[PDB]
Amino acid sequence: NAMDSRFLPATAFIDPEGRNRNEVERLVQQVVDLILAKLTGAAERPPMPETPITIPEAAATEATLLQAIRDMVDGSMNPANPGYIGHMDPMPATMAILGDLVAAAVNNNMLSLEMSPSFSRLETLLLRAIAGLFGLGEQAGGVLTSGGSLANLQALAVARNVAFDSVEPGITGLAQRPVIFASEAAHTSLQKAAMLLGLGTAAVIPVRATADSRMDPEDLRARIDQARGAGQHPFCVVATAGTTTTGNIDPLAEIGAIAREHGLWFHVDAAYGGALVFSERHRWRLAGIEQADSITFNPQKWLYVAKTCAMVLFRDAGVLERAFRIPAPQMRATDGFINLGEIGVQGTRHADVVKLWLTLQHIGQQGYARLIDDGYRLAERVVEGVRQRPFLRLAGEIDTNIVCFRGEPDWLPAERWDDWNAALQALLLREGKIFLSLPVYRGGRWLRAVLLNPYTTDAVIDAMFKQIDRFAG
């Protein structure tokens, strides 16, 4: 009985008959007290931190373990700091923290129903409910995936399988290259997925985006015609609802109409912007999404669910059985549910439905509508700050709570603007304790604000522009 031996610490596991209740309660409380201290005092740590691994033979002491946690926390990025305004990575909702505690504690497996009796059923039903908010219709549904890249991968795998019947024989027999279309501003997980799917990164054909970083439907139509002429076999168009760099939304209805005209799978990568389904004031921006063949949506971004939390939704969930699931005996439960492992890229999977369901209930649709509004308000203040300053330039109009801008100062030649913006970013972080990201975009370095932290204020944005004004004179 290993847990009686001198070879395991008394608290290595939790005795299911309570025999080490007191000792585990103590260890758990130390971690809990420490994490809560770090989080209720998060503003004491900056948005980014200032900075010999061996697996020990013998059990580490509580002191070593607590010190490691302390060092792990102190050396981590800190989106909780009101100054953290640079990424689609938010401080987590409290119930998402607690949801993951519960999930880890019960340690169920989304691979199959018998390994996750309630969570599998909860996830299937919750995702049907969400697919309904997107307007996908009564056959719609999907699966949670560990990150949006996997959601896009699985959407693209289904589009491919549908077009080429490739589940069993593969795609190596093809005389014509399969290709997909996406905005020149669409997410890189498309190229990574295209590589993984056997299509190659070059199978993702870029469609011109406007000055406001939205896909150009006229150019979509042109690229499809060009592809056919070159003897390629288009099978999918990806529209993006909230691009990663600038946060803009493609014209989903127009793009979707073109895809449908040409018999192409219509996927909407709504990883970020999908959260607008909870805002009546803003969801008109997603008009057209209801006719998608599939949708990628990431609650871990604008719904504040602790990473990872993402899903792929299909307007006809049965497609996962016809053009994804590998040949195998089909065992459905008496209440209709199926093993989720058969119809996802992953087999074993963490129960993300716990944090998702708990966060959605604690915040509510109105809670998210208000957060979404405040996000837009903060962003509009940044837009106005940039308009007021002639040495700054916007990337273009905004569609979400994201503002990409940069310095283009006339006291420097263009070739020096990348150093100016890197330097401004460094200065804002060092002296302002304000974190902006600095993506490459349109061949240059642009500053990027993602206004997500619930505790970011007008004053933080004003502090930013004062530092920018100092840096520029």
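In case it trips you up, residue 1 is the first one in the sequence shown, and so on.
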Unmodelled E342 in at least one third of other entries with both flanks present: no
May I ask whether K307 is missing from the deposited models in at least a third of the other compared entries? no
Please figure out whether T51 and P52 are truly consecutive in the deposited sequence or have unmodelled residues between them, and give none, 1 to 3, 4 to 9, or 10 or more. 4 to 9
What stretch has the higher average Cα B-factor here, 163-171 or 97-105? 163-171
Selected stretch [higher average CA B-factor]: 32-40 or 412-420: 412-420
Of the residues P439, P56, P47, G443, the one carrying the largest Cα B-factor as recorded: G443
Could you say which of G256, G242, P329, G137 has its CA atom at the highest B factor, as listed in the PDB entry? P329
Would you please rank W357 by its C-alpha temperature factor against the other modelled residues of its chain and give the third it falls in: lowest, middle or highest? lowest
If you rank the chain by CA B-factor, which third does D219 end up in: lowest, middle or highest? highest
What third of its chain's C-alpha B-factors does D269 belong to: lowest, middle or highest? middle
Within-chain third of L447 by Cα B-factor, per the entry: lowest
Split the chain's modelled residues into thirds by Cα B-factor; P117 lands in the middle
